[PDB]
Each structure stands twice: as structure tokens, then as C-alpha cells.
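Line by line, the protein sequences are chains A, B and C. Count along the first sequence from 1, add 2144, and you get the number used in UniProt numbering. Count along the second sequence from 1, add 1998, and you get the number used in UniProt numbering. Count along the third sequence from 1, add 1998, and you get the number used in UniProt numbering. Take a look at the structure below.
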Amino acid sequence: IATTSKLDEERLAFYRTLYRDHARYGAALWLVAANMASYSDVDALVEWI
Amino acid sequence: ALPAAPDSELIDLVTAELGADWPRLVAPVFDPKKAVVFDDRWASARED
Amino acid sequence: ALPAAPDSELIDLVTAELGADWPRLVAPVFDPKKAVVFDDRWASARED
């Protein structure tokens, strides 16, 4: 369950290719845009996970 | 101008103590409905 | 209500990121007119 600064087309394509290139067994790549310099986003991220 | 003055001082000491780019560098972006899942391996396996 | 909305926003992110006591804990108190000098030793010497 990886986070990123912003979710746009380029990162979407990069992460899609990353999963489809490296995935195995029952792998699942969750992904959400969050700010690591914001305590509110950290709290939202932990309560979302 | 009654609350704009103390708010102006708030902005001033935020700029002096932290910086003028603190709201940008700190603003939240998280939204639970903008998450994406990528757990479709079987279709990728067939295409591969 | 137009600037009170972003001002309130800034209040809430300084509350969540730093705290509700940040303005008090950080507010400046310096004033050059309130300095005090204590270089009178001769009079103290005579009284001693």
C-alpha cells in the first residue's frame, strides 16, 4: 500500500506498468496520493489503512 | 478589519517563524475516494 | 465570511500540524525600551 505526492496520468501509467511487470501470486498494489509533510494526511492515511 | 488584523499578525508570525510557503508545503491532499487498486494480474497474465 | 474562511483554514492547520497553543508559545515579547542596566557598583560599594 504505497503513497505518492500526486496522482496524475504519468504516475498512474508508471505504477500500472510496475505492477503488471513485477506482480506475482496474490499481489495487490494499493495506491493513494498523500502528503508526508502533513499530520492531518498521516492521520487520514492510518485511519484509512 | 476587526478579525483581519489578528489574522494578519497570524500570517506574519507564520512567515517569520516558519516561512511564506508553509501553507503550501503543509496543505493536505489525502482523499479516500481517489485511491486506486491494481490487483488485476490474471488479465495481464493472459495478455503476456 | 470571505477571508474568515481561509483564515479559519490556516487556524485549523496550525492547530493540527503544530497545536492550538502555537501563537502563545511563539508570540514575540521583545521591546528595546524595556531593557535595564545594572552597572552601579560604586554606590553599592559605599552602602556595603
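Ideal Cβ positions, reconstructed from N, Cα and C, are used throughout, including at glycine.
Under the DSSP assignment, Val-2027 of chain C falls outside any alpha helix (DSSP H); it carries neither an H nor an E label. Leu-2011, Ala-2014 and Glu-2015: these are the residues of the region 2003-2027 of chain C whose beta carbon lies less than 8 angstroms from some beta carbon of chain A, given in chain order. When DSSP reads this structure, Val-2012 of chain C sits in no beta bridge, so it has no partner.
When DSSP states are grouped into helix, strand and coil, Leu-2162 of chain A belongs to the helix group. Assignment of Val-2186 of chain A by DSSP, reduced to helix, strand and coil, places it in the helix class. Across the set A:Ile-2145, A:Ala-2178 and A:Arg-2164, the C-alpha of A:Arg-2164 shows the shortest separation from the C-alpha of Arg-2039 of chain B. Chain-order list of chain C residues neighbouring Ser-2184 of chain A: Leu-2011, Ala-2014 and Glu-2015, by C-beta distance under 8 angstroms. Of all residues in the region 2166-2182 of chain A, those with a C-beta nearer than 9 angstroms to a C-beta of chain B are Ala-2167, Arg-2168, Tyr-2169, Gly-2170, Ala-2171, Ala-2172, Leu-2173, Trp-2174, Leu-2175, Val-2176, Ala-2177, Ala-2178, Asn-2179, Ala-2181 and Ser-2182, reading in chain order.
For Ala-2043 of chain C, the enclosing alpha helix (DSSP H) starts and ends at 2040-2045. Contact annotation, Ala-2146 of chain A with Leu-2173 of chain A: C-beta distance approximately 7 angstroms; criterion of less than 8 angstroms satisfied. Excluding its 5 nearest sequence neighbours in each direction, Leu-2151 of chain A has C-beta neighbours in its own chain below 8 angstroms: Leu-2175, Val-2176 and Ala-2177, listed in chain order. In the structure shown, the three-state DSSP call for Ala-2167 of chain A is coil. Between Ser-2182 of chain A and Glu-2015 of chain C, the C-beta gap is smaller than 8 angstroms, which places the two residues in contact. For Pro-2030 of chain C, the closest Cβ of chain B is not nearer than 8 angstroms.
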